[PDB]
Amino acid sequence: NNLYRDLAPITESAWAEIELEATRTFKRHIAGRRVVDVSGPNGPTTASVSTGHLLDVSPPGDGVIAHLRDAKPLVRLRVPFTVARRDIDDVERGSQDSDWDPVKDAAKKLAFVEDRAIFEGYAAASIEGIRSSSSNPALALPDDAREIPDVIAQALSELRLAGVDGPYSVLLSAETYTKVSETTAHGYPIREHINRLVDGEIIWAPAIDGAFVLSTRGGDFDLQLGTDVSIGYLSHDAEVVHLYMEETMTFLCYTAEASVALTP
Amino acid sequence: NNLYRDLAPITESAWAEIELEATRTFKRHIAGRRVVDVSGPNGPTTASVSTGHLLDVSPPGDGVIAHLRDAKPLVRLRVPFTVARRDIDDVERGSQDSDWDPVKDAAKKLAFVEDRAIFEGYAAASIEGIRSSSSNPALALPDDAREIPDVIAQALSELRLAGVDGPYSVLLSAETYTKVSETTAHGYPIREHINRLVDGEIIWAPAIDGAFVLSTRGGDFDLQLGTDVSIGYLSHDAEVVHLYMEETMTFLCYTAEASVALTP
Amino acid sequence: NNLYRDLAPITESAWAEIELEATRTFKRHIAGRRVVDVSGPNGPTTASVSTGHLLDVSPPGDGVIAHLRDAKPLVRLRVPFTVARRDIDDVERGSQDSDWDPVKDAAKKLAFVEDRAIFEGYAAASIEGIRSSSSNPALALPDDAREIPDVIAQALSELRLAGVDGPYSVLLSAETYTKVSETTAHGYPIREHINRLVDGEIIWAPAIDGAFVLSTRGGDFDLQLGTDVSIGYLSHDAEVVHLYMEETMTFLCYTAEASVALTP
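Calculation rules
- Residues numbered from 1 in each chain as written, not as in the entry; some residues may be left out.
- Chains lettered and ligands numbered in written order.
- Part of a larger assembly, values for the part shown.
- Heavy atoms only, no water.
- Helix = DSSP H or I, 4+ residues; strand = E, 2+ residues; numbered from the N terminus.
- Contact = heavy atoms within 4.5 Å.
- Polar contact = N/O pair within 3.5 Å; in protein donor to acceptor, adjacent residues only side chain to side chain.
- Core = buried A, V, L, I, M, F, W, Y, C linked by side-chain atoms within 4.5 Å.
- Buried < 20%, exposed > 50% of the residue type's maximum accessible area, 1.4 Å probe, protein only.
- Buried area = accessible area lost by both parts, 1.4 Å probe.
- Salt bridge = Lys/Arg side-chain N within 4 Å of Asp/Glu carboxyl O.
- Nonpolar A, V, L, I, M, F, W, Y, C, P; charged D, E, K, R; others polar.
- Least-squares fit on C-alpha atoms.

As summarised from the PDB record, the model derives from cryo-EM at a stated resolution of 2.22 Å.

Going by what the PDB entry lists, chain A is known as 29 kDa antigen Cfp29 and is assigned to Mycolicibacterium smegmatis. Per the PDB record, the entry is named "CryoEM structure of Encapsulin::tdNfsB with an open pore state".

**A word on the environment of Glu246(B)**
Residues and elements named next belong to chain B. The residue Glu246 is located in strand β12 (residues 240-253) in this model. Apart from the residues lying within four places of it in its own chain, the contact partners of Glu246 are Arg76, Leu77, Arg78, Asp228, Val229 and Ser230. Of the polar contacts made by the side chain of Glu246, one reaches the side chain of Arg78; its length is 2.5 Å.

**What about the nonpolar core?**
Grouped together as the largest cluster of nonpolar side chains are 102 residues, with contacts concentrated most on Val75(A), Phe119(A), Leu171(A), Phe119(C) and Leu171(C). Looking at this core element by element, the count peaks at nine residues for helix α3 (residues 101-119) of chain A. Here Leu171(A) is in contact with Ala31(A), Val35(A), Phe119(A), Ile203(A), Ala205(A), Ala211(A), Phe212(A) and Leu214(A), once residues within four sequence places are set aside. The next biggest cluster of nonpolar side chains, apart from the first, holds 54 residues, and it includes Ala106(B), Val113(B), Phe119(B) and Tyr122(B).

**Structural notes on the environment of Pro60(B)**
The topology assignment puts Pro60(B) in the loop between β2 (48-56) and β3 (65-73). We classify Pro60(B) as partly exposed; its relative accessible area is 38%. Distance in space between the C-alpha atoms of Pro60(B) and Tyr254(B) is 33 Å, their sequence separation being 194 residues. Contacts of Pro60(B), omitting those with residues within four sequence positions, involve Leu77(A), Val113(A), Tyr122(A) and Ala66(B).

**Section: the interface of chain A and chain C**
Taken together, the eight residues of chain A in the interface contact 12 residues of chain C. For the pair chain A and chain C, the summed buried surface comes to about 810 Å²; carbon and sulfur atoms form 48% of the total. On the chain A side of the contact with chain C, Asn2(A), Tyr4(A) and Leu7(A) bury the most area, a combined 60% of that side's loss. Where chain A packs against chain C, one counts zero salt bridges. When the residues that make up the side of chain A that touches chain C are grouped by side-chain class, the tally is four nonpolar, three polar and one charged.

**Focus on the relation of the copies chain A and chain C**
In this arrangement, two copies of a chain are superimposed by a rotation about an axis accompanied by a shift along the axis. For the pair chain A and chain C, the superposition axis carries a translation of 0.0 Å, the fit reaches an RMSD of 0.0 Å, and the rotation angle comes to 120°. In the structure described here, the two chain copies are related by an operation that fits a three-fold rotation axis. No C-alpha of chain A lies nearer the rotation axis than that of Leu7(A), which sits 3.8 Å from it. Take the interface residues of chain A: only 12% of them recur as interface residues in chain C, which is what a contact between different surfaces looks like.

**Describing the relation of the copies chain A and chain B**
Here chain A sits on chain B after a turn of 180° about the axis and a move of 0.0 Å along it, with an RMSD of 0.0 Å. As the rotation angle and translation indicate, the two copies are arranged about a two-fold axis. For chain A, the smallest separation between a C-alpha atom and the rotation axis is recorded for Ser48(A), amounting to 3.5 Å. Residue by residue, 100% of the interface of chain A is reproduced at the interface of chain B, so both copies engage with the same surface.

**Overview of the interface of chain A and chain B**
On the chain B side, the residues contacting the 35 residues of chain A number 35 residues. Overall, the association of chain A and chain B removes approximately 2,700 Å² of surface from exposure, summing both partners, and the carbon and sulfur fraction of that is 61%. A per-residue breakdown of the area chain A buries against chain B is headed by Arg69(A), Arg76(A) and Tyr122(A), which together make up 22% of the total. For the pair chain A and chain B, the interface holds 15 residue pairs in polar contact. For the side of chain A that touches chain B, the secondary-structure elements that each account for two or more residues are β2 (48-56), β3 (65-73), β4 (75-84) and α3 of chain A. When residues in the side of chain A that touches chain B are grouped by element, the largest group, eight residues, is from β3(A).

**Description of the pattern of salt bridges**
For the structure on display, the rule yields 43 salt bridges over all chains. Its salt-bridge partner being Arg24(B), residue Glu21(B) comes within 2.9 Å of it at the nearest N-O pair. In this pair, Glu21(B) and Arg24(B) are both assigned in helix α1 (residues 12-29), three residues apart and thus about one turn of the helix distant. Taking relative accessible area as the criterion, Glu21(B) reaches 13% and is therefore assigned buried. Note that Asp209(C) and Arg131(C) form a salt bridge whose closest N and O atoms lie 3.6 Å from each other. One end of the pair, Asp209(C), is in the loop between β9 (202-204) and β10 (211-215); the other, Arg131(C), is in helix α4 (residues 130-133), with 78 residues separating them in the sequence. Classification of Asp209(C) as partly exposed rests on a relative accessible area of 30%.

This is the structure:
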């Protein structure tokens, strides 16, 4: 295939180690996939997602009405990294302390870009994020950690006024999650205080900035994937090999009233 | 379905008559479908055709390479017409001279727009025609009808220099076909003179202007259809019913050297 | 094998596309293979073709008669070309307008060299062409296109005086074939005028210069192949891949009276 892995100077065991390390880190650092419906890979031939809408266009001639079908293009994200042939070779010698830090960093970068496109928007890819697409009024996250549950209750009140149902979930930023975790009250963390309110789960969202309270009934958010995360090979040298992590995706929000955003 | 035919004041017999009359006229007046590969209807959900190419785009952030997948949108052509309820009603009385001239005119219009988009281009739909996409030099159709075969032989020489194979076919305009038909030499029409050269067929192309000599080996032209020609209903009155003929399509040319264009 | 295709950064689909495109163009531009017997590939170990003749040589010593066996060596023709990794990669994305023009040009070049060696001679390879090996007197192709059939009839008279039988065939140059095709008489091309005389076929020979009338009974011309046309890999870069088209061949003419040559 287009990955050209058979041409890389890497053994099966080292390939397995790299894949495992990247998968673990990405699954750690990814959050949107846990609260958004995912349309499984449709193949490399997939390039756009139809919206079912029509756009006006100049007719070819008299007596003819012309309309253009509307589609959302898919964007390919590629993050390159470099690995050492010595660490690669040591694996077949029964070594199991090899350095895969570039792999972990690339996985973190890819997860962050994906989550930031989902929750904030990537305009050049025509991706409007949940924050912008949300219709319910946005709130402000208090500087202190003790007042956050009140704001979350207000956001639940807003959604739950608007008429959305299903389990509710709170996605918190790295800085906010650290705050609610370190901070404590009556012998419990402010994070447990927050958890007490919702029916769903509390989720880490390091890539995003602020906080988000959203419904998970289904049918409101769609992450379309052409091809899932993959690892490939570009070139190599006497000392290093250059690889990349690739994924082709787009994001769509259909219900603007199923989420509430809180800004720092 | 979206046609809403069940709501129209028309009987099954009249529906059949209208469908038959439109199909006959369209199949008469259509030419590109006889020399271009047709990708059958893929359903109303189809909105674009992937090209497999990539487009450069600003990255979300540092260390990330971003590319956009390239697709060709589909365009919907709708031609409205009006029919008389008296002619509709007469059918169930065993009448078989009913007037379907508006149906025939609408079918002609739709065929003409389709063929003109295929052979000349519809820019607003991002459709580049065979004439523009052709790489072989264009020729001029002589005013006289006696020199046309020489120009056709020159065009065959150009294609057949360029290295294309398979049966060759000549599509002639209405004005040019009338000329070669009426004109005669040695007791045979100039059209038969033309036919003597090629291995394929001589085709009517009223919508196009000029003439075209092209190969039919396959894999060079693709007419993508989302939905084929259909007839629908908009509204009705005590005297008339308003209908439309609809089709969603796009056209792609892959080989620029498989055709030669001759301009009036 | 020596092609080293497994080392090239090309997918199976792109390999198939390149092979198909090269085969089509070569089969289009090749002519000698249609009128000469072909000895199928005998393997890479084949290096020469015995003639069964003997050559005089100085003896090792007294009372000894020494002779050397005579053989015709085989010559390997290699034509390099370059391909773009972007066009290669687009194929797996369902792209089918990729550029293979260098492939087509290399195939044309190889076909032209093969046909020119067959019909004109490649001295350094000890290949004497049909033109030189022919014993029947050579003719001159008239500048005008109207007198060519008379010269072809004269050439048939010469062969057919000399006593050769079997279907006869005319191989025409690019410039001569264009002339006889464009030129017309009594509503038929001069090429059809020519075809009327012979029992065999009229053949395109762009590589050759002039015209040739020859018999196809069999046993007079032999194209010996060690290995048929093949495509290989030399090296690659971040943007391009360097490939070559290779064939090992030689040509032998046994009957000097089975052909007649016409010079421009």
